[PDB]
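Notes to accompany the following structure.
Protein chains: 2
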Amino acid sequence: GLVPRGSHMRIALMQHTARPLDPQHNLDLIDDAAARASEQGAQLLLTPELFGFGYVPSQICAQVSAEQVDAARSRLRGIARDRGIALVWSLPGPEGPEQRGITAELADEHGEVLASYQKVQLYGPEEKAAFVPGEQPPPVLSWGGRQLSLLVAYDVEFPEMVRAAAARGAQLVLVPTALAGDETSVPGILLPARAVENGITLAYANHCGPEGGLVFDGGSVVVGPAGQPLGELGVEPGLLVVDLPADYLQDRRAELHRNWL
Amino acid sequence: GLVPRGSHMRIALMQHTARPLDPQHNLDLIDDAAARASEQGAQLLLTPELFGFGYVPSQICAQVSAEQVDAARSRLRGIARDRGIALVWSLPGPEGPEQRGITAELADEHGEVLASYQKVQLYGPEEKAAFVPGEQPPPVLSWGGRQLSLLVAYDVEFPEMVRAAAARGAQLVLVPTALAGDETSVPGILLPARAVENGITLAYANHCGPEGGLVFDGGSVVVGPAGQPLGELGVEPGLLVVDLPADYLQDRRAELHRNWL
């Protein structure tokens, strides 16, 4: 409903089913969600991993050109500006098909790209055959009165990746994902710990349905710093809208830890 | 009951209330538990943090001598040998009161000390006033057909510490603890993730009652690699006896992670 008293940030997560290799369809779905989110007074929309082309790594590598990626990117920056909402998307990277990774980018409500990130932790042999892993830590930036960061999918399952964001000041970590196979331990067990162990909030936006030979779990969720869900979806398409309201990060002996991994 | 078909390791956890500064009492409680565990066919007993002197950091520093610590240590090695059970205990370290830490040690059923470890992550200002932090990673060793490791209390709440054990081959991480204040997120949220994110089993043995001005939570638990409790206690004294039956550790990009903490 109405924006509450103690909240100045309202976010939205898109959970839907993409059509493999049909960016016009999938980007129309993101535009629809962006509009709906903005109508409900959200200031940012998070969407799932590789949504624009579908989660089809091998087919992205074989069939999607750099010019097609750029065309999608341009449309998404357009959606952010035209729907007046910050937008996090995930696309192949901008290089050629043999040299690019899986990315996440944040555009503000004016359409400016504020931050870009390449997935460090690729999942499985298909991703590793289709994409180059990222080599840079997660970005952290001020937006909306807080420090936001980006990670993609499998990345959040490594405590190191979330710690790398929180070490740089992250408060709100936004994670496009694509999680299939009834993997309940990721949102059920790992995400709450990532939140608690860093004192942060995490938003996790999944696909949810038949798509590319998989059946995605849905279960999109926003987890706060106590490890509790602030909002969660089930298995069907939906738009989750959430108002956001030990000192592990100081106590950790990082100079020793770094030598022990 | 009877040792089951698919299990060759049965462990026990002691959960009890210690009396501050009364090692004879507290070590008699460990001897009792060791006997009971051995009668029930356990091969190893895990006991809680600082149990022999009570969880009273400031008073340990002010009043407990190195010779008193050594006397306790000697009795514990005696209990392991005389009750014919491997034993994990936690005592002040062996140096003088201004130079020692909080330790965990594993003795085998012959009373041989197989491994010793000094707590790296001290909790709060009282611990930090009474003890020196450890500087060495967790030990890992073969016992009973598996690779065992040690950590103490607060250590397990850092993913880095559990990763350091699993990186060295740990399969079973044994954690004396002292957790008070109805801190449900530690066993409820963090321990299951430590298990899942490494593929390991963890045993967590707490105090449980009035002791040293705190009321300890109990909730001793053994968590398996799916994050599920294999056995758990409530808030009262007890002896938990448990039969033990993505490739994160390979996939992690440790050479990058180490630069990002």
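If you read the protein sequences in the order shown, they are chains L and B.
Just so you know, the numbering used here puts 171 at position 171 of the first sequence, and the rest follows in order with no gaps.
Count along the second sequence starting at 1, add 1000, and that's the number in the numbering used here.
The beta-carbon is built from N, C-alpha and C at its ideal position, and this holds for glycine as well.
Next item on the list: Tell me whether residue 90 (chain L) is buried or exposed, calling it buried when 16 or more other Cβ atoms sit within 10 Å of its Cβ.
Entry: Residue 90 (chain L) sits at position 90 when you count from the first residue of the first sequence. So residue 90 (chain L) counts as buried.
Which partner residues does residue 1073 (chain B) have in the DSSP bridge list?
-> Position 73 of the second sequence, counting from 1, holds the residue named residue 1073 (chain B). DSSP output for residue 1073 (chain B) lists no bridge partner at all.
Next item on the list: Would you verify that the beta carbon of residue 1189 (chain B) is, or is not, closer than 8 Å to some beta carbon of chain L?
Entry: The sequence position of residue 1189 (chain B) within the second sequence is 189, counting from 1. Answer yes: the Cβ-Cβ gap between residue 1189 (chain B) and chain L drops below 8 Å somewhere.
- prompt: Between which two residues does the beta strand (DSSP E) harbouring residue 1060 (chain B) extend?
  reply: Here residue 1060 (chain B) refers to the residue found at position 60 of the second sequence. Run containing residue 1060 (chain B): none in the beta strand (DSSP E); it sits in the alpha helix (DSSP H), 1057-1063.
Query raised in the report: Cα-Cα, which of L:183, L:112, L:170, L:55 is closest to residue 81 (chain L)?
Result: What you label residue 81 (chain L) is simply residue 81 of the first sequence in a count that begins at 1. Out of L:183, L:112, L:170, L:55, L:112 has the C-alpha closest to the C-alpha of residue 81 (chain L).
Practice item. Using a Cβ-Cβ cut-off of 8 Å, state whether residue 169 (chain L) counts as contacting chain B. Key: For the purposes of this step, residue 169 (chain L) is taken as residue 169 along the first sequence, with counting starting at 1. No, residue 169 (chain L) does not count as interfacial toward chain B.
Among the candidates B:1002, B:1067, B:1021, whose CA atom is the shortest distance from the CA of residue 1058 (chain B)? By one-based count along the second sequence, residue 1058 (chain B) stands at place 58. Ranking B:1002, B:1067, B:1021 by Cα distance to residue 1058 (chain B) puts B:1021 first.
Along chain B, in chain order, which residues have C-beta atoms closer than 7 Å to that of residue 121 (chain L)? Within the first sequence, the letter at position 121 stands for residue 121 (chain L). Result: 1251, 1253.
Cutoff 7 Å; reference residue 952 (chain B); Cβ partners in own chain excluding five residues on either side
A question about residue 952 (chain B) goes unanswered here, because the residues of chain B that appear run from 1001 up to 1261.
### Message
Using CA atoms only, rank isn't needed, just tell me which of B:1054, B:1101, B:1155 is closest to residue 253 (chain L).
### Response
Taking the first residue of the first sequence as 1, we reach residue 253 (chain L) at position 253. Looking from the CA of residue 253 (chain L), the closest CA among B:1054, B:1101, B:1155 belongs to B:1155.
Spatially closest choice to residue 118 (chain L) from L:171, L:137, L:26, by CA coordinates: Residue numbering aside, residue 118 (chain L) sits at position 118 when the first sequence is read from its first letter. Out of L:171, L:137, L:26, L:137 has the C-alpha closest to the C-alpha of residue 118 (chain L).
Any chain L beta carbon closer than 8 Å to residue 1148 (chain B):
Here residue 1148 (chain B) corresponds to residue number 148 of the second sequence, with the count starting at 1. For residue 1148 (chain B), the answer is no, since every Cβ of chain L falls outside 8 Å of its Cβ.
Requested in this report: Using beta-carbon positions only, say whether residue 204 (chain L) and residue 177 (chain L) come within less than 8 Å of one another.
Outcome: Taking the first residue of the first sequence as position 1, residue 204 (chain L) is located at position 204. Taking the first residue of the first sequence as position 1, residue 177 (chain L) is located at position 177. Contact: yes.
key: CA-to-CA distance, residue 182 (chain L) to residue 15 (chain L), given in whole angstroms   = Working through the first sequence from its first residue, we reach residue 15 (chain L) at position 15. Working through the first sequence from its first residue, we reach residue 182 (chain L) at position 182. Going from the Cα of residue 15 (chain L) to the Cα of residue 182 (chain L) covers about 16 Å.
Query raised in the report: chain C partners of residue 1100 (chain B), CB-CB under 9 Å?
Result: Among the protein chains in the structure shown, which are L and B, there is no chain C.
Tell me which same chain residues have a C-beta within less than 7 Å of the C-beta of residue 38 (chain L), skipping the five on either side of it?
On the first sequence, residue 38 (chain L) is found 38 positions in, with the first residue counted as 1. Cβ within range, chain order: 83, 84, 85.
For this session: For my contact list, residue 1208 (chain B) and residue 1236 (chain B) are in at a C-beta cut-off of 8 Å; report their separation, rounded to the angstrom.
Result: Along the second sequence, read from residue 1 onward, the residue named residue 1208 (chain B) stands at position 208. Along the second sequence, read from residue 1 onward, the residue named residue 1236 (chain B) stands at position 236. With a Cβ gap of about 6 Å, residue 1208 (chain B) and residue 1236 (chain B) count as contacting.
- Query: For residue 35 (chain L), which option in L:114, L:241, L:261 has the closest C-alpha, if you only look at C-alpha atoms?
  - Reply: For the purposes of this step, residue 35 (chain L) is identified with residue 35 of the first sequence, where counting begins at 1. Closest option to residue 35 (chain L), Cα to Cα, is L:241.
Exercise. Could you pull out every residue in the same chain whose Cβ sits closer than 8 Å to the Cβ of residue 1092 (chain B), ignoring the five residues on either side in sequence?
Key: In the second sequence, residue 1092 (chain B) corresponds to position 92, counting from 1. Contacts found: 1050, 1053, 1060, 1064, 1069, 1100, 1101, 1102, 1103, 1131.
Would you please state the rounded distance, in angstroms, between the beta carbons of residue 1189 (chain B) and residue 227 (chain L)? I believe it to be under 8 Å.
Counted from its first residue, the second sequence places residue 1189 (chain B) at position 189. Counted from its first residue, the first sequence places residue 227 (chain L) at position 227. Indeed they touch by this definition, with Cβ atoms about 5 Å apart.
Problem - Alpha-carbon spacing of residue 269 (chain L) relative to residue 250 (chain L), whole angstroms - result: Outside the displayed span of chain L (1 to 261) sits residue 269 (chain L), for which this structure offers no information.
Check your understanding: Along chain B, in chain order, which residues have C-beta atoms closer than 8 Å to that of residue 248 (chain L)?
Key -> Taking the first residue of the first sequence as position 1, residue 248 (chain L) is located at position 248. Residues of chain B passing the Cβ test: 1157, 1158.
- Over the uninterrupted beta strand (DSSP E) stretch that includes residue 105 (chain L), give me the two end residues. The residue labelled residue 105 (chain L) in the question sits at position 105 within the first sequence. Taken as a continuous stretch (DSSP letters only), the beta strand (DSSP E) holding residue 105 (chain L) covers 103-107.
Notebook entry, point to check: Does the separation of the CB atoms of residue 1003 (chain B) and residue 1047 (chain B) fall below 8 Å?
Noted result: Locating residue 1003 (chain B) in the second sequence gives position 3, where the first residue counts as 1. Locating residue 1047 (chain B) in the second sequence gives position 47, where the first residue counts as 1. No, they are not a contact pair.
List, from N- to C-terminal side, the beta strand (DSSP E) runs of 3 residues or more that fit wholly inside the region 198-255 of chain L. 201-205, 221-223, 229-232, 238-244
Please list the residues of the region 185-215 of chain L that have a C-beta atom closer than 7 Å to any C-beta atom in chain B, keeping them in chain order.
If the cut-off is 7 Å between Cβ atoms, the region 185-215 of chain L has 185, 189, 190, 192, 193, 196, 197 near chain B.
Residue 257 (chain L) beta carbon less than 8 Å from that of residue 1261 (chain B)
Walking along the second sequence from the start, residue 1261 (chain B) turns up at place 261. Walking along the first sequence from the start, residue 257 (chain L) turns up at place 257. Yes; because the gap between Cβ atoms is below 8 Å, this pair is in contact.
Check the C-beta distance from residue 197 (chain L) over to residue 159 (chain L) and give it rounded, since I have them as a contact under 8 Å. In the first sequence, the residue the question calls residue 197 (chain L) occupies position 197. In the first sequence, the residue the question calls residue 159 (chain L) occupies position 159. 7 Å between Cβ atoms; contact.
- [ ] Using the DSSP secondary-structure output, state which residues sit across from residue 92 (chain L) in a beta bridge.
- [x] Here residue 92 (chain L) is taken as the residue at index 92 of the first sequence, counted from 1. Note: residue 92 (chain L) sits in a beta bridge opposite L:102.
Original post:
In the DSSP assignment, what are the bridge partners of residue 1014 (chain B)?
Top reply: Within the second sequence, numbered from 1, the residue matching residue 1014 (chain B) stands at position 14. B:1239.
Quick check on residue 230 (chain L) - is its C-beta less than 8 Å from some C-beta in chain B? The residue given as residue 230 (chain L) occupies position 230 in the first sequence. Answer no: the Cβ-Cβ gap between residue 230 (chain L) and chain B never drops below 8 Å.
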